[PDB]
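Visitor: Take this structure first; my questions come after.
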Amino acid sequence: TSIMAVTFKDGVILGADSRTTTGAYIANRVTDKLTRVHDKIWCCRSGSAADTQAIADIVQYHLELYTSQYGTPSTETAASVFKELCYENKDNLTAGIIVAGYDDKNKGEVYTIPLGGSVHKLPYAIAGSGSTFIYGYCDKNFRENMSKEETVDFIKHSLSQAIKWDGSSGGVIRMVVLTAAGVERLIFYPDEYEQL
Amino acid sequence: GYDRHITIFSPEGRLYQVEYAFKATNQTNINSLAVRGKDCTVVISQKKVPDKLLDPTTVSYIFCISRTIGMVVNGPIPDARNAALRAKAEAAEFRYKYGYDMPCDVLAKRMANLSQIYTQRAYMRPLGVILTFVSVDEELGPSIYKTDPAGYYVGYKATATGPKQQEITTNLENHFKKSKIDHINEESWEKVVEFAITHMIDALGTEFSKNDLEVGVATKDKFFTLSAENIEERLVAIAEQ
Amino acid sequence: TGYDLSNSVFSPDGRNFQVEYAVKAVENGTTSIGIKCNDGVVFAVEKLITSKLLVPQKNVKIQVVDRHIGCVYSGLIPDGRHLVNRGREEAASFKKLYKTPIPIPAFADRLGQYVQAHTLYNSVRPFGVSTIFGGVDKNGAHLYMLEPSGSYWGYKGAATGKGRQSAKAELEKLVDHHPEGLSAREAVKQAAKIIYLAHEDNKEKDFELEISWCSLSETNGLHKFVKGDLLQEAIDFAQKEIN
Amino acid sequence: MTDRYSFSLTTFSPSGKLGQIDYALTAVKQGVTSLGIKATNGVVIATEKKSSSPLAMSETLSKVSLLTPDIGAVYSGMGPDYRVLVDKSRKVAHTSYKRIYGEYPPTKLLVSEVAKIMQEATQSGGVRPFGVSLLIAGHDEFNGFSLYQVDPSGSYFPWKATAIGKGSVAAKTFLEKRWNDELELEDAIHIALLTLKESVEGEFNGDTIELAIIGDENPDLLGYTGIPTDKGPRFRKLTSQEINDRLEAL
Amino acid sequence: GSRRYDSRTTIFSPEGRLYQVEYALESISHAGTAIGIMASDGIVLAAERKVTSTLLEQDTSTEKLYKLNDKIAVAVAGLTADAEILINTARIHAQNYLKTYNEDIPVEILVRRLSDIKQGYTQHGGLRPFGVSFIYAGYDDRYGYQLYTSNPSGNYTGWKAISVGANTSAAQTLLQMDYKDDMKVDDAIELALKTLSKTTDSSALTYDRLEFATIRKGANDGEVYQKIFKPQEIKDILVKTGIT
Amino acid sequence: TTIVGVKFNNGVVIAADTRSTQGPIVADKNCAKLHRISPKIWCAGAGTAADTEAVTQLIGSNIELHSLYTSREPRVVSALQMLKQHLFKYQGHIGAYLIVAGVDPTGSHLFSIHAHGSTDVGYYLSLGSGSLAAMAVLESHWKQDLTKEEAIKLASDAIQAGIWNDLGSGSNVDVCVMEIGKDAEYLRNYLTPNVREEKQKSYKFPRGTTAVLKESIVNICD
Amino acid sequence: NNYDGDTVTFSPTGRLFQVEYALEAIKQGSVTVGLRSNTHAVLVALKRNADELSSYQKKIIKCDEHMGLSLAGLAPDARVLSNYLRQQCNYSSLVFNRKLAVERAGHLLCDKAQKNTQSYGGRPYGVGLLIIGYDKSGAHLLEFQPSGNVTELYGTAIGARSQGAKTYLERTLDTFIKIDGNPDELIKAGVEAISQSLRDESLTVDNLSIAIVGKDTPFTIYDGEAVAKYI
Amino acid sequence: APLX
Amino acid sequence: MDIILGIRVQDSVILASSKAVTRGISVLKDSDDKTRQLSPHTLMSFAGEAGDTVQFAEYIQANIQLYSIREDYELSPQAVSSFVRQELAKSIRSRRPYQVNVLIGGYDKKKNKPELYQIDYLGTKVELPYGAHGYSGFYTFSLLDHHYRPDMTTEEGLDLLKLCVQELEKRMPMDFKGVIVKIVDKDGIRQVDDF
Amino acid sequence: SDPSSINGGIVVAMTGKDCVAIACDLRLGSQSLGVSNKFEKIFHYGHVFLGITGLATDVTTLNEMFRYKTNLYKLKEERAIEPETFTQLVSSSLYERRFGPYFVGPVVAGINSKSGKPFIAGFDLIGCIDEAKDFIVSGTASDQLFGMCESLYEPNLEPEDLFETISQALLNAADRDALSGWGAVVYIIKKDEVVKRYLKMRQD
Ligand SMILES: [Cl-]
Ligand SMILES: [Cl-]
Ligand SMILES: [Mg+2]
């Protein structure tokens with residue numbers, strides 16, 4: 001995997017490749033790693049496919065039950081539920097998750113949860129095996145309060161390089177835009193992003 | 001006569017604790033009504049706020065169980081909220097286990113089964129509530145399913161519950177004799193709410209202000225309650241016709 | 001008959017006489033009130049001075065839950081403490097799992113469901129307290145009152161105990177005369193007056209006043225006790241009104 | 001807290017009666033009439049659909065229920081008690097038989113399991129007996145067609161034909177005159193409708209009457225093709241229209 | 001609490017009797033009569049069905065006589081549902097013994113364990129006793145043919161001939177009169193039917209109101225056979241003795 | 001094992017080979033790898049044979065009870081959810097690799113499930129030891145908007161690739177077609193391209209060839 | 001009447017008779033007095049015997065170096081509650097290296113007694129306790145009732161004829177509160193207080209029981225010839 | 001096992 | 001522990017068990033009786049893990065004696081051997097299994113026949129004319145295959161047994177300090193003192 | 001220390017025209033040491049036959065377990081269990097011990113009394129049903145048995161001919177396996193008669 005989430009002026013955008021690996025064989029070349037846990041709270045999944053799916057399903061359940069009683073949960077709340085699962089079961093889990101959401105009060109927020117189950121609130125986050133190759137690029141190119149079009153280009157160029165160098169990353173670049181306007185899905189194919 | 005204190009049979013094969021739980025239903029002195037449109041299901045209920053010191057916005061007997069399912073209760077609020085919390089938990093668990101939203105009729109059956117257990121097990125008392133579940137089901141369409149303290153449940157074309165329930169029931173019966181159909185032949189949910197309020201006014205014989213009523217509406221993919229101004233807008237439309 | 005001898009038994013009316021009997025124990029207790037204000041809530045309570053030997057200011061009845069919720073109650077004092085201990089566990093698990101401090105309506109239902117659970121079985125006794133509680137959260141101020149049955153509602157003002165009717169009447173006048181809203185500092189003063197006026201229904205033993213408050217501006221959204229100059233100022237305001 | 005009722009609520013009286021079972025049978029007597037008739041090539045079970053209100057949709061309330069593809073059930077007495085028994089009966093057919101033997105249980109053994117559940121409510125702590133009598137019709141390869149009655153006590157009896165509930169005394173007498181050992185399935189359906197008209201007072205049509213059969217295999221109701229041995233369910237619920245067709249030639 | 005509603009099913013009367021056991025026996029006295037007769041070359045089990053209806057399926061029915069294993073059977077008097085609980089436990093117990101020792105369970109050992117279960121319900125648990133009396137008919141290589149009875153108290157005794165259920169007083173007097181030790185199975189069959197015919201509450205004894213079974217060594221050489229009689233076989237044996 | 005699944009116009013089709021192996025030895029030359037969960041939801045299984053059969057039967061049983069309880073036809077996502085949560089609980093120790101496919105009121109669906117409990121969605125999928133041979137064919141010939149007869153051809157061709165090129169797969173091709181609005185048709189031994197040729201000689205022995213020490217009649221009766 | 005069969009039942013007027021009957025067991029108990037100044041806190045207790053051949057029932061129990069109580073009513077119940085206090089004091093020291101506040105001690109006893117008044121099967125505690133202690137906020141005196149109610153006081157008394165000592169302390173309030181840095185005088189005031197509850201009997205050497213805790217004084221009990229000074 |  | 005042998009002849013069963021108990025490089029005892037009487041006509045010899053052997057043997061002994069008192073009756077050798085097998089079969093899948101191998105020699109009074117059963121620690125039961133456990137079989141079995149006849153007398157069985165012990169004393173690496181020999185027949189169990 | 005090859009042994013089953021045959025060797029050993037030449041591995045419950053290879057203690061235990069279960073089945077069902085049903089019972093019982101299995105290789109054989117159809121089936125140690133028209137093999141010489149059966153077998157053999165085929169399959173397979181042999185038994189099963197024959201084979 002290569003995954004990232006980036007906050008910007010109007011909200012937050014999540015980004016991911018579509019590769020699932022069993023050894024050197026690509027088990028799925030069109031995987032969806034961007035996952036809904038609530039209307040406008042999504043997550044990027046990396047590590048074990050089984051572990052991250054099981055966690056995401058449990059979080060979705062918790063937030064659905066939260067909403068029935070107390071109304072819409074904050075992005076911080078969603079990240080906390082993820083953390084609780086990842087931290088308490090750290091010995092049995094291989095899950096690197098980035099949580100991203102849009103509030104109207106708090107606007108776009110990004111929380112990254114690495115292997116240990118620690119929580120880190122950041123302006124943007126990168127994770128997965130392919131992220132290693134773009135720490136330099138992302139640090140030099142990220143700006144706060146970018147536009148939608150700029151942020152899309154930033155994620156597109158970043159994951160393009162991650163895919164180029166990481167054998168464990170590839171396929172299409174999926175993205176999910178989270179704003180006041182709603183939820184928009186984007187897809188970008190090899191023929192476009194490879195020749196960037 | 002301890003057979004009247006717990007849920008065991010009396011000599012004539014009755015369960016008095018269940019029967020007395022039915023009488024607790026009317027303790028609030030509130031009447032509710034539910035009807036179906038083409039695309040929607042509307043439920044209305046009286047809203048009585050006697051104490052001036054009460055915050056009227058917190059006084060409610062209608063509950064949003066899930067995104068798709070709504071529930072109105074006839075009975076005391078403690079038991080009502082007990083039922084509501086359990087329904088919300090059951091609906092959420094169902095979605096997690098089986099991968100799709102719990103249908104209205106399935107939730108009704110589940111809550112009806114829970115009620116049945118209280119009529120058979122001694123240590124648990126029945127809840128003194130009647131639960132009316134509403135939704136626009138993705139398979140069955142507009143749906144009304146009602147549960148009582150005996151553990152009974154059934155689907156309805158329309159229904160009413162409360163002290164003056166019989167007057168409302170016959171009023172609805174006579175309309176469906178005339179219209180010759182199973183629902184309110186109307187496009188918008190707004191006019192279905194208007195129908196519901198109009199026929200409640202006729203049956204009860206009382207006029208309603210914006211604070212005397214409480215309205216819940218179920219459409220495809222969402223159930224929602226109306227604000228006082230939404231109801232006031234609806235009351236103005238009735239008066240101007 | 002015999003329907004009133006066991007908890008969780010319906011009478012032929014559809015009533016639970018054991019809960020109604022618990023209400024009598026609440027009516028017997030000292031007066032306690034709650035006033036909702038512009039950006040928060042105020043709590044007050046009557047403390048009967050049984051003897052000179054009671055240490056002043058050192059038998060505190062108002063209790064804090066988490067750091068933003070206050071609770072006061074009338075009736076069997078131990079039952080109230082048991083309810084607050086539960087409330088504190090409920091609030092701790094909420095904050096543990098969801099990070100954010102528990103909202104007031106969420107907290108209200110946690111107590112409500114717990115009290116209601118003590119009307120479901122004959123192996124437990126209903127709570128012998130009505131609990132006035134509330135605080136400040138993300139959506140603003142909330143005031144609640146919870147009764148032995150598990151019934152609770154939101155309130156503009158709330159009262160319970162032996163002088164509840166007197167306190168209610170005085171509360172209704174404040175709601176009528178202040179439609180736009182009452183300030184936090186005003187609500188503290190009014191709370192003192194109402195306790196003093198409600199003391200007329202318990203006037204054999206003289207009493208001690210105790211006030212607390214949560215306000216977005218005045219206390220920064222946290223629960224604090226009113227003490228010192230602000231307490232004496234509120235007492236003096238109350239003393240001037242009775243005469 | 002906790003269930004302190006660990007003692008029996010059904011006990012023997014000095015006269016040797018088990019009160020709560022007797023009183024449960026009384027509740028069955030008050031219940032709406034239901035019947036079952038066994039033919040040479042099938043079994044029929046029927047009952048009236050007593051509607052609680054005309055606004056209620058009686059289609060949503062099913063008194064006749066499928067337990068396995070070859071076994072059905074109907075009742076008289078308390079509906080809610082029946083509904084949970086059907087749930088438990090469906091599950092026990094899987095847990096204590098199908099998951100072990102890879103096939104559905106024969107009628108007599110499924111009946112035996114339901115009877116066991118009803119007996120335990122007569123002896124276990126802190127529970128009353130079930131206030132229902134069941135009529136369970138079914139078919140299996142080695143026993144053929146069969147019809148069983150199950151009472152609140154947990155006792156069950158095999159019948160050629162019988163009735164339970166409101167007008168069961170008269171309905172049994174009617175069935176004695178009409179029943180013979182050469183009855184074909186269609187003849188048994190005809191007799192079932194005649195017997196039921198006597199106990200029904202109001203409207204008598206396909207919307208107020210609920211009727212199902214255990215008969216020939218139905219490949220069209222199986223939902224798939226390709227396995228020759230799998231030929232479909234023998235249980236079939238008659239439609240509202242199918243009932244009205246037989247009420248004209250009555 | 002719940003103390004109020006407790007019947008106290010496991011206590012003594014002032015006279016030293018167990019209320020619930022006595023009342024359970026009273027229940028059993030209204031149940032259909034069941035007779036067991038032990039001969040030198042076999043055992044007979046005969047039982048009267050409770051007031052039969054003409055539309056009852058008679059051939060595929062089992063109310064009174066149940067098989068515990070290949071060598072042991074029981075006749076029931078009381079609540080059938082209660083009996084089936086105990087019967088399944090007895091069947092399992094027999095198989096446990098066979099699994100453990102690779103030998104068929106001796107009759108008494110099976111009877112003692114089943115009776116010990118009944119005893120438990122009279123001393124602890126606060127539950128009602130089983131409203132059931134059994135007649136056990138079986139064979140093993142130690143004592144040969146054996147008849148036993150057990151009742152709700154959990155007390156069991158051995159017999160040459162015995163009745164349970166209704167009209168046991170009248171039935172026992174008649175058995176005591178005509179029984180002798182050198183009796184054969186075919187004679188015992190006749191005695192069993194004659195006794196039921198005189199003690200019955202019905203107008204006349206017929207094939208449809210009876211269950212019948214024998215345990216003989218009438219198989220081929222040194223082995224025991226259980227014969228649960230079919231309806232037609234009861235009809236024939238009833239004619240052969242001249243009752244109908 | 002080679003198993004595949006292919007979506008088409010008005011439904012979905014799954015297929016499988018019919019060889020089961022213990023080590024290098026062919027235990028069964030015509031086993032059935034296509035399982036029924038519900039009438040219109042079918043499952044293709046690879047990996048540990050006992051696990052695939054047991055997990056498909058358990059979920060199939062619970063799906064039936066669920067269908068009766070809800071008075072609704074069972075959905076593929078329910079079978080998917082129940083399978084994955086069961087498999088995840090056992091941390092891959094239940095070695096069941098499945099392709100789940102079927103039709104329901106919601107529409108036509110195709111999923112795969114791995115032993116650890118991860119699921120995938122797709123228009124074409126392959127699992128088992130011959131999955132690479134099968135996937136090569138699927139990646140070469142698959143297109144959007146396939147007809148029923150085209151999907152069956154593609155599916156069986158993908159299985160054949162496994163049969164010929166993978167030593168773990170062999171014998172015949174089973175197929176099941178699930179189309180919307182119609183009954184699912186199970187096509188047992190849809191192709192049989194590995195028929196054993198006539199033997200050169202009969203090995204029927206003269207009677208009495210085998211030396212015998214003792215004879216005795218066995219009693220099966222009571 | 002019909003509502004006193006167990007603690008889980010309320011009367012029609014909202015009373016708990018089993019709790020009130022437990023309260024009655026305290027009234028039958030021998031008198032014990034508690035009082036404090038700003039520097040010290042004192043317990044005085046009249047011990048009771050079965051007859052002249054028997055010993056005198058010990059009324060005072062030590063909980064920690066800085067805390068202890070006196071009892072009136074069922075002595076075994078006091079042993080259970082004191083044992084619980086010893087553990088709670090001890091838990092505070094081992095885990096937090098912190099001496100347990102006397103106020104928290106009271107809160108813990110309240111909550112323990114309360115649970116016995118709301119559940120079926122159990123019974124209320126049949127004993128009243130006077131807890132004294134010296135912590136970070138000075139001297140403290142608490143009164144425990146088995147209803148759950150705990151009260152902080154300058155002085156008090158419980159047991160038979162405790163009203164006499166309670167009236168005396170109410171008069172003497174202004175005097176004894178300012179007995180700072182003088183243990184013997186504070187005890188003298190407590191001995192004079194308990195003397196107002198005596199009838200036909202007087203304070204002897206094996207009858208009187210005194211305990212004290214303060215600023216530079218660990219909780220210690222005086223019996224036998226050590227209390228002859230105060231008669 | 002499948003990785004991401 | 002180590003050497004336990006068994007021979008079933010015409011009218012009796014003969015068990016022979018080594019007397020040595022060795023721990024490390026020291027023979028701690030040279031007169032150890034590795035057997036327990038389960039009932040008047042049933043004898044069990046045993047060998048295996050230290051502690052487990054006696055603990056298991058005495059546990060079985062207690063159970064058979066309990067049965068005898070309860071029913072006032074002696075269990076057949078076949079019945080006892082099945083009970084013993086089941087206990088070992090349970091044991092092998094326990095947290096800590098009994099590592100004990102046994103021979104059961106008994107005389108069935110109802111059949112008037114001697115019976116020898118061999119059961120290993122896994123719960124593997126076989127009825128045999130002659131049996132052994134451990135390395136003993138690797139010498140004795142082939143010797144008994146040759147010299148054993150089914151119609152032998154007790155005296156002939158004892159001579160056949162002497163031949164086995166002599167072979168073991170010649171070719172076995174360890175000194176097992178001779179054997180205790182016990183006979184089981186219609187008259188019960190008795191010990192041969194001079195062997 | 002491989003549980004399935006400590007004791008040794010083999011079982012084979014075959015179908016013919018209106019008949020079935022099941023056969024097994026008689027050896028029981030402890031690795032190299034032959035211990036018993038009377039250890040039969042085929043059992044029957046009514047008309048249903050079960051052969052079991054593998055760890056001998058589990059062979060005995062499972063026989064006792066299936067006798068237990070088929071006896072209770074008969075008492076409750078009032079009829080003898082059929083091969084198809086019994087096959088499912090064996091499968092369920094083995095899978096119940098999924099993570100602590102009996103180390104066995106069972107083989108079911110029999111004729112359905114209602115339909116008259118010959119039936120055989122095989123299982124792995126954890127319950128996977130292997131149904132077959134022709135033959136099932138199990139044990140330490142399964143490779144040898146697969147080879148013999150695949151070459152010697154033809155469909156629709158008469159009972160007398162089927163006996164020769166299954167006997168020669170077992171014998172020649174056993175003689176290429178160190179842990180199998182020491183005698184053999186063959187069951188020929190017709191609709192309502194069953195013949196059991198002991199074979200003469202080399203005893204090394
Ligand atoms: Cl994934
Ligand atoms: Cl349910
Ligand atoms: Mg050799």
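Going by the structure tokens order, chains are called A, B, ..., each with residues numbered from 1, while ligands are numbered from 1 in the order shown.
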Using only C-alpha atoms and all ligand atoms, find each residue with an atom at most 8 Å away from ligand 3 and format the answer as a list in words.
Guide: residues 34, 178, 203 and 204 of chain J
Visitor: Restricting it to C-alpha atoms, dump the selection as a compact mmCIF listing (two decimals), in the first residue's frame.
Guide:
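Result written to part28.txt:
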```txt
# COMPACT_ATOMS: atom_id res chain seq x y z
CA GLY J 34 4.45 -56.48 15.35
CA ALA J 178 6.17 -52.81 6.12
CA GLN J 203 3.17 -63.38 7.34
CA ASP J 204 6.27 -61.13 7.20
```
Visitor: Produce as an MDAnalysis selection string the set of residues near ligand 1, where near means within 7 Å with only C-alpha atoms and all ligand atoms considered.
Guide: (chainID A and resid 20 31:33 49 53) or (chainID F and resid 118:120) or (chainID H and resid 4)
Visitor: Could I get the residue neighbourhood of ligand 2 at 7 Å, counting only C-alpha atoms and all ligand atoms, as a PDB file with C-alpha atoms, in the first residue's frame?
Guide:
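Now in selection-v8.pdb:
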```pdb
ATOM      1  CA  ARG B 110     -37.462  -8.802  17.503  1.00  0.00           C
ATOM      2  CA  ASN B 113     -40.071 -11.469  20.966  1.00  0.00           C
ATOM      3  CA  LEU B 114     -38.334  -9.572  23.777  1.00  0.00           C
TER       4      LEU B 114
END
```
Visitor: What are the nearest atom pairs, with distances in Å to one decimal, for all residues of chain F that come at most 8 Å from chain D, using only C-alpha atoms, set out by chain and rising residue number as CSV?
Guide:
```
residue,atom,partner,partner_atom,distance
F:39,CA,D:223,CA,5.1
F:40,CA,D:223,CA,6.4
F:57,CA,D:99,CA,7.9
F:58,CA,D:99,CA,7.5
F:61,CA,D:94,CA,6.9
F:65,CA,D:91,CA,6.6
F:69,CA,D:87,CA,7.0
F:183,CA,D:224,CA,4.6
F:184,CA,D:224,CA,4.4
F:185,CA,D:225,CA,4.7
F:186,CA,D:226,CA,4.3
F:187,CA,D:226,CA,5.7
F:188,CA,D:226,CA,6.8
```
Visitor: Quick one: contact table of chain D to chain C, 8 Å max, nearest atom pair and distance in Å to one decimal per residue, counting only C-alpha atoms, chain and number order, as a Markdown table?
Guide:
```
| residue | atom | partner | partner_atom | distance |
| --- | --- | --- | --- | --- |
| D:1 | CA | C:123 | CA | 5.2 |
| D:2 | CA | C:123 | CA | 7.6 |
| D:4 | CA | C:123 | CA | 7.4 |
```
Visitor: Just want the 12 Å neighbourhood of residue 199 (chain G), counted on only C-alpha atoms, with same-chain residues fewer than 6 positions away dropped. Output as a VMD selection string.
Guide: chain G and resid 31 160 to 162 164
Visitor: Tell me the residues of chain A close to chain H, meaning within 6 Å using only C-alpha atoms, as a VMD selection string.
Guide: chain A and resid 1 20 to 22 46 to 49
Visitor: So, counting only C-alpha atoms, which residue among C:44, C:159, C:234, C:5 is closest to chain G?
Guide: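 Counting only C-alpha atoms, the residue closest to chain G is C:5.
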Visitor: If you run DSSP on the backbone here, which positions in region 105-148 of chain I get strand (DSSP E or B)? Please write them as a ChimeraX atom specification.
Guide: /I:105-108,113-119,125-127,130-133
Visitor: Which residues in region 1-129 of chain D does DSSP call alpha helix (DSSP H)? List them as a ChimeraX atom specification.
Guide: /D:19-30,79-93,99-101,107-123
Visitor: Using only C-alpha atoms, I'd like every residue of chain A that has an atom within 8 Å of chain B; please write them out as a list in words.
Guide: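 Only these qualify: residues 57, 58, 61, 64, 65, 68 and 69 of chain A.
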Visitor: With 9 Å as the limit and counting only C-alpha atoms, what residues in chain F lie close to chain B? Please list them as a PDB file with N, CA and C atoms, in the first residue's frame.
Guide:
```pdb
ATOM      1  N   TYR F  69     -36.705 -16.207   9.621  1.00  0.00           N
ATOM      2  CA  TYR F  69     -36.951 -15.214  10.670  1.00  0.00           C
ATOM      3  C   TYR F  69     -37.414 -13.876  10.093  1.00  0.00           C
ATOM      4  N   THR F  70     -36.763 -13.449   9.013  1.00  0.00           N
ATOM      5  CA  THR F  70     -37.025 -12.147   8.393  1.00  0.00           C
ATOM      6  C   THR F  70     -38.078 -12.183   7.277  1.00  0.00           C
ATOM      7  N   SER F  71     -38.557 -13.378   6.929  1.00  0.00           N
ATOM      8  CA  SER F  71     -39.521 -13.561   5.833  1.00  0.00           C
ATOM      9  C   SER F  71     -39.018 -12.946   4.522  1.00  0.00           C
ATOM     10  N   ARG F  72     -37.704 -13.000   4.321  1.00  0.00           N
ATOM     11  CA  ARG F  72     -37.051 -12.399   3.160  1.00  0.00           C
ATOM     12  C   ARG F  72     -36.061 -13.366   2.530  1.00  0.00           C
ATOM     13  N   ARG F  75     -29.551 -12.448   1.284  1.00  0.00           N
ATOM     14  CA  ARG F  75     -28.688 -11.594   0.479  1.00  0.00           C
ATOM     15  C   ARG F  75     -27.247 -12.092   0.518  1.00  0.00           C
ATOM     16  N   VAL F  77     -24.476 -10.324   0.601  1.00  0.00           N
ATOM     17  CA  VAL F  77     -23.704  -9.572   1.597  1.00  0.00           C
ATOM     18  C   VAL F  77     -23.850 -10.113   3.027  1.00  0.00           C
ATOM     19  N   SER F  78     -24.984 -10.749   3.325  1.00  0.00           N
ATOM     20  CA  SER F  78     -25.185 -11.396   4.626  1.00  0.00           C
ATOM     21  C   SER F  78     -24.306 -12.637   4.754  1.00  0.00           C
ATOM     22  N   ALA F  79     -24.307 -13.471   3.717  1.00  0.00           N
ATOM     23  CA  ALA F  79     -23.435 -14.643   3.668  1.00  0.00           C
ATOM     24  C   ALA F  79     -21.972 -14.210   3.734  1.00  0.00           C
ATOM     25  N   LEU F  80     -21.648 -13.143   3.008  1.00  0.00           N
ATOM     26  CA  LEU F  80     -20.302 -12.573   3.000  1.00  0.00           C
ATOM     27  C   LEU F  80     -19.878 -12.108   4.391  1.00  0.00           C
ATOM     28  N   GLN F  81     -20.761 -11.373   5.058  1.00  0.00           N
ATOM     29  CA  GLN F  81     -20.468 -10.817   6.381  1.00  0.00           C
ATOM     30  C   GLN F  81     -20.294 -11.912   7.435  1.00  0.00           C
ATOM     31  N   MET F  82     -21.179 -12.906   7.404  1.00  0.00           N
ATOM     32  CA  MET F  82     -21.141 -14.012   8.362  1.00  0.00           C
ATOM     33  C   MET F  82     -19.901 -14.885   8.165  1.00  0.00           C
ATOM     34  N   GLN F  85     -16.552 -12.809   9.263  1.00  0.00           N
ATOM     35  CA  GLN F  85     -16.443 -12.611  10.709  1.00  0.00           C
ATOM     36  C   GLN F  85     -16.133 -13.925  11.423  1.00  0.00           C
ATOM     37  N   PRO F 105     -32.801  -9.787  -3.944  1.00  0.00           N
ATOM     38  CA  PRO F 105     -33.577  -8.582  -4.270  1.00  0.00           C
ATOM     39  C   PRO F 105     -32.747  -7.335  -4.615  1.00  0.00           C
ATOM     40  N   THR F 106     -31.559  -7.212  -4.024  1.00  0.00           N
ATOM     41  CA  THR F 106     -30.667  -6.074  -4.279  1.00  0.00           C
ATOM     42  C   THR F 106     -30.005  -6.134  -5.665  1.00  0.00           C
TER      43      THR F 106
END
```
Visitor: Could you please select, counting only C-alpha atoms, the residues of chain E within 12 Å of chain C and state them as a list in words?
Guide: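 Going by the stated atoms only, the list reads residues 1, 2, 3, 4 and 5 of chain E.
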Visitor: May I have the selected residues written with N, CA, C and O atoms, as a compact mmCIF listing (two decimals), in the first residue's frame?
Guide:
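Saved to part.txt:
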```
# COMPACT_ATOMS: atom_id res chain seq x y z
N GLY E 1 -38.88 -9.74 48.27
CA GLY E 1 -38.32 -10.35 47.02
C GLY E 1 -39.18 -11.48 46.48
O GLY E 1 -40.41 -11.41 46.52
N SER E 2 -38.52 -12.53 45.98
CA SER E 2 -39.21 -13.66 45.36
C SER E 2 -39.64 -14.75 46.35
O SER E 2 -40.38 -15.66 45.98
N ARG E 3 -39.17 -14.66 47.60
CA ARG E 3 -39.60 -15.57 48.67
C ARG E 3 -41.12 -15.75 48.71
O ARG E 3 -41.61 -16.87 48.91
N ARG E 4 -41.84 -14.65 48.53
CA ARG E 4 -43.30 -14.62 48.57
C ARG E 4 -43.96 -15.71 47.72
O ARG E 4 -44.95 -16.31 48.13
N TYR E 5 -43.39 -15.98 46.54
CA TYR E 5 -44.02 -16.86 45.54
C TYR E 5 -43.44 -18.28 45.51
O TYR E 5 -43.77 -19.05 44.60
```
Visitor: Select all residues from chain G having any atom no more than 12 Å from an atom of chain D (counting only C-alpha atoms, ignoring ligands), output as a JSON list (two decimals) with C-alpha atoms, in the first residue's frame.
Guide:
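Written file, selection29.json:
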```
[["chain", "number", "residue", "atom", "x", "y", "z"],
["G", 8, "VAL", "CA", -36.07, -3.79, 49.60],
["G", 115, "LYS", "CA", -25.69, -1.17, 48.98],
["G", 118, "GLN", "CA", -31.25, -1.53, 48.19],
["G", 119, "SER", "CA", -30.80, -5.28, 47.42],
["G", 120, "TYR", "CA", -32.83, -8.40, 48.27],
["G", 121, "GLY", "CA", -31.37, -11.04, 50.60],
["G", 122, "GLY", "CA", -28.99, -8.78, 52.51]]
```
